[PDB]
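If you read the sequence shown in the authors' numbering, its first letter stands for residue 2, the second for the next number, and so on.
Shown next, in structure tokens, is the structure this report addresses.
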Amino acid sequence: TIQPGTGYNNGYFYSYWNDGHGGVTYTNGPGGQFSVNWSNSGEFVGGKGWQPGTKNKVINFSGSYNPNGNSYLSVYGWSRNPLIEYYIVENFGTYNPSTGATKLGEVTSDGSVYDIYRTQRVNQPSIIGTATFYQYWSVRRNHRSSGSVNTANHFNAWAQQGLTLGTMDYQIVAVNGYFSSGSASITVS
Numbered sequence: 002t003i004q005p006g007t008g009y010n011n012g013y014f015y016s017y018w019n020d021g022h023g024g025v026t027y028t029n030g031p032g033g034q035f036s037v038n039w040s041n042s043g044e045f046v047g048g049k050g051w052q053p054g055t056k057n058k059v060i061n062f063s064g065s066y067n068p069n070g071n072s073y074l075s076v077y078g079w080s081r082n083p084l085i086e087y088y089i090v091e092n093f094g095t096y097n098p099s100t101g102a103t104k105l106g107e108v109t110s111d112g113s114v115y116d117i118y119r120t121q122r123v124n125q126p127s128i129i130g131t132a133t134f135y136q137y138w139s140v141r142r143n144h145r146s147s148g149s150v151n152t153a154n155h156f157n158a159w160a161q162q163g164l165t166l167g168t169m170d171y172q173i174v175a176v177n178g179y180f181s182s183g184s185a186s187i188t189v190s
């Protein structure tokens with residue numbers, strides 16, 4: 002595993018964070034590749050992409066994603082001003098992260114309908130410190146672990162619905178886990 006943190010590997014920005022509970026390892030491979038292996042983990046997120054992201058990136062990803070419990074595979078990132086955490090969720094494990102959330106529309110992109118949602122985090126950690134901020138979600142109906150994500154289709158649909166993004170911070174293809182097990186090997190470009 003590598004040490005939790007952020008940096009660059011083979012031209013790609015990466016972020017790997019965990020809560021210190023144990024049970025997760027993350028490695029950076031050649032090009033845009035990363036692997037995650039976890040067994041009775043705590044909370045974590047890791048992946049590769051860009052810092053800063055853009056609002057018209059076409060993100061390609063390919064590989065394998067085998068969660069056993071609560072985990073997502075997504076295009077994941079933040080904006081500033083307004084502070085927003087967002088996810089374009091391509092696959093997940095036992096928990097659909099939109100459960101109970103307010104649905105804000107639908108968008109069709111890259112071979113599937115996605116359902117759009119908005120949630121709120123209250124006094125939670127963020128890229129700028131503890132804060133209250135909205136989260137935006139596009140959740141793919143047709144789950145997959147390879148493909149292409151035309152991010153503009155999502156960001157434009159969000160904007161149409163009143164879900165505004167500020168200036169982009171990082172933008173990665175990420176595996177999230179919350180107290181679960183699994184394995185994944187993903188290559189980004």
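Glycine included, C-beta positions come from ideal geometry on N, C-alpha and C.
Range covered by the beta strand (DSSP E) that runs through residue i
i           : result
residue 125 : 113-125
residue 7   : 6-10
residue 83  : Residue 83 -> no beta strand (DSSP E), and no H or E assigned at all.
residue 68  : 59-69
residue 173 : 168-179
residue 141 : 132-141
residue 15  : 13-19
residue 49  : 44-51
residue 38  : 34-39
residue 185 : 182-189
Rounded Cβ spacing between residue i and residue j (contact assumed at less than 8 Å)
i           : j           : result
residue 31  : residue 19  : Contact flag wrong, Cβ pair sits at about 23 Å.
residue 123 : residue 133 : 5 Å
residue 77  : residue 48  : 7 Å
residue 50  : residue 171 : 7 Å
residue 75  : residue 90  : 4 Å
residue 167 : residue 85  : 7 Å
Buried or exposed by the 16-neighbour rule on C-beta atoms within 10 Å, applied to residue i
i           : result
residue 27  : buried
residue 129 : exposed
residue 22  : exposed
residue 92  : buried
residue 126 : exposed
residue 177 : buried
residue 103 : exposed
residue 42  : buried
residue 112 : exposed
residue 131 : exposed
residue 163 : exposed
Pair within 9 Å by beta-carbon distance, residue i and residue j
i           : j           : result
residue 72  : residue 181 : yes
residue 143 : residue 114 : yes
residue 14  : residue 173 : yes
residue 149 : residue 65  : no
residue 38  : residue 11  : no
residue 159 : residue 98  : no
residue 80  : residue 88  : no
residue 165 : residue 56  : no
residue 16  : residue 186 : no
residue 52  : residue 106 : no
residue 68  : residue 95  : yes
Start-to-end residues for the alpha helix (DSSP H) that takes in residue i
i           : result
residue 26  : Run containing residue 26: none in the alpha helix (DSSP H); it sits in the beta strand (DSSP E), 25-29.
residue 154 : 152-161
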